[PDB]
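A lone chain, given as C-alpha cells: the form solved without uridine 5'-triphosphate (UTP).
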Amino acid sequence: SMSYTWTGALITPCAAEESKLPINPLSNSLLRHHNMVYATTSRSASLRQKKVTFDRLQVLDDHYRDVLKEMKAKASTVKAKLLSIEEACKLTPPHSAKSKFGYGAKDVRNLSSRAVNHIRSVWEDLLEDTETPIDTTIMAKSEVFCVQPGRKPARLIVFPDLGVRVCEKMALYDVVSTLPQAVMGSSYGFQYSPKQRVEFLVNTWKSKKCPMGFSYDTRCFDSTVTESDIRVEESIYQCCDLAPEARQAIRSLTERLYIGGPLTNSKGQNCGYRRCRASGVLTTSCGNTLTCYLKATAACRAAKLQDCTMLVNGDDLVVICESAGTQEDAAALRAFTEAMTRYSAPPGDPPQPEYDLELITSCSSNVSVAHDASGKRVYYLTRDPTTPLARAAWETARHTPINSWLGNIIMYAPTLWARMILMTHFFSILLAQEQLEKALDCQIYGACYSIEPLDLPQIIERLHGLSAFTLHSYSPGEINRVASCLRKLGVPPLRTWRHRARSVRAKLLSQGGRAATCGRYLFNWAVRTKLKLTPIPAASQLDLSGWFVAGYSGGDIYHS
C-alpha cells in the first residue's frame, strides 16, 4: 500500500519557526560562517512528503520466516510487567507536548486528578475498542544542519495525544526496554555505551580471519515499514508473558495506532492517512530495531554472506563478516541489497564493502584510534563534527529544551574536536554566566537526562576511562576530517582554543571544588606542565547502568 495518503491540507507550524542562526555575540567565537547553519522548518514539509510517499513492495520467503521463528523463540523467554499509571507518569518529560484534553506534562508528572482520570479513561478505551484508528498529529521537525555542496527537508514526526502516550508506557515500556536485548543479544546496539560499542565492533572485527564490513542505509526506513511488519513485530511482543490488560492494550494499540491512522496538522485539519511507522510512538525504536534485524539477518542468508554479525540501532545497521574475496564480496553485497529490497528495505546510499574498520560509519559514527599518556593505543568512537558544531553554535545563540552539546561532550569526550572545542567553548560561557552548577537537559539514545556540568569529569571517567583526558596523536584521517570541518565552518584554529582553554582552566582551578576538578582533567591537554590524573572518587559510585539499556528516540521518555 501507499505509506501515506494526503488530503491536501498542509503540514503547519505550531508557532513561528527560525531558520537562520540568530544575532548574538557568543556563537561567533565558535564559528564565523553563520550563514552555513540553518534549521529546517515546515516550509520544506512538502518536499519530505514527496520523498516519503510511495507504494511498498514486499515479498517474504523461507529465510525471513526462519529468522522470525528464531526471534519469537527467544522472545518467548520474556516476562513483561504492566506499569502503574504512577510509574508511567514519572517517565513523562516535563516538556512533553500537552494533551488536548485540558492538561499538560506538568500535571501528568504531578499525578493531577484531571490528568490521571483522563489517562485512565484512555486505557479503558484501549481495552474495550479494538478497531477505531487513533488520531495523531503530524509536524515538521526543527533540526539544525550545515549546508552542503544544499539543504535538507524537515523530517515529519507523527505522535498520538499525551494520554495515549502514557498508556503506551504502561503497556509496553517494560517490553521495549527488555525484549530487544533478549531477542538480538549482542547485536542490539543500545545496550552499549560508546566505549562498549567500540569494544564490540573491534572484537567482532578481530574475530574474522579476513574481515569485511558495511553500513546499510535504508531509504526512509519508517515509510518502508508495512502493516505486515508491524503485525510481525506485535507477534514477537505477544510471545512475552503479559498481563491480560497489557496483552489487549498491545493488540489494540497495534491495530489502532502502530499500523497506521489518520493524520491531523497543528490547526486541527485532516492532512491524510498513514500506513507505515509513526516516528513518535514508544515502539518506534524497538520496532525498527527488530524489523531491521529480522530483514538483515534473513538477507544475509539469502546473499550467502559468510559468518555475519549485526549491530543494529533502530533503522541503523552495520554488518561485519568473513570476506570471500573482493569480487565475491561485492557480488554478495549486491545480492544482500536485493534481498533487503524484496523485504521492503531498499537502500538509499548503495552499500559498499569496507576492509578498514575506521571507514565504516554507523549511527553517524566510526571507530578510530589515538594514544594515552603512556603511548598505548586506545580505540574510541568519533564522528564528523559538522552537525555537532553547527548545533552547538545554534544552542549558544538561543535557549533550547535539549542541549545536544552536552550530550555530545559526554558521548564523544575522547575526541579531538569535543575536547578542543565543545568543552572549551561551553565551560568558558558557563563561567561567564556563573551557571556551572545549573543542571541542563540532554539526550542519550533518545531518552532525556538532567546533567550537572560540574559532574562531567566523573561521568567521562566512568564511561570512557582516564585515557579520555590524555589522548593524543590522533589518526591522519581523523585529523584531516576535523581540520577540514573547522576550515569549512570558520571555526578558530587549535592555537586559539588552547589559549582560551588555558584561561578557562586557570579560572576553574582558582574556584576549587568540582570546578577545579573540571580544570585539571578536562583541560590537561592545554597546559605544558601536565598534572598526574588519578581516579576520581565520585567515578566509583556512578549509577550509569540505566543510561545504556535501550533506544527511545521518538518515545517521549524521561529518566530522573
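Numbering starts at 1 and follows the sequence shown. Heads up, when I say rigid core I mean the largest set of C-alphas that superpose within 1.5 Å between the two forms.
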Other entries omitting residue 536, at least a third: no
Relative to the other PDB entries of this protein in the set, is residue 268 coordinate-less in at least a third? no
Missing from the model but present in the deposited sequence, between residue 149 and residue 150: 1 to 3
So, looking at the entry's B-factor column for Cα atoms, which has the higher mean, 511 to 519 or 59 to 67? 511 to 519
Which is higher on mean Cα B factor in this entry, 411 to 419 or 303 to 311? 303 to 311
If you compare 124, 241, 255, 452, which has the highest Cα B-factor in the entry? 452
Looking at the C-alpha B-factor values in the deposited entry, which of 40, 53, 529, 496 comes out highest? 529
So, residue 399's CA B-factor, relative to its chain, sits in which third? The highest
Please place residue 231 in the lowest, middle or highest third of its chain according to the CA B-factor in the PDB entry. lowest
Please say which third, lowest, middle or highest, residue 6 falls into when its CA temperature factor is compared across its chain. middle
Third of the chain, ranked by Cα B-factor, where residue 438 sits: highest
Place residue 219 in the lowest, middle or highest third of its chain's C-alpha B-factors, as listed in the PDB entry. middle
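Although not depicted, the form solved in complex with uridine 5'-triphosphate (UTP) is the subject of the following passage.
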Which one, 284 to 292, 297 to 305, 129 to 137, 116 to 124, holds residues whose non-hydrogen atoms are within 4.5 Å of uridine 5'-triphosphate (UTP) in the deposited complex? 284 to 292
With the cut-off set at 4.5 Å between non-hydrogen atoms, does residue 220 touch uridine 5'-triphosphate (UTP) in the deposited complex? yes
Does residue 63 make contact with uridine 5'-triphosphate (UTP) in the deposited complex, using a 4.5 Å heavy atom cut-off? no
For residue 553, is any heavy atom within 4.5 Å of uridine 5'-triphosphate (UTP) in the deposited complex, or not? yes
Does residue 441 make contact with uridine 5'-triphosphate (UTP) in the deposited complex, using a 4.5 Å heavy atom cut-off? no
One residue of 187, 458, 344, 279 in contact with uridine 5'-triphosphate (UTP), assessed in the deposited complex (non-hydrogen atom, 4.5 angstroms): 279
Of 275, 169, 155, 247, the one that lies within 4.5 Å of uridine 5'-triphosphate (UTP) in the deposited complex (heavy atoms): 155
Answer yes if the CA of residue 14 moves 2 Å or more between the shown form and the other one after aligning the rigid core, and no otherwise. no
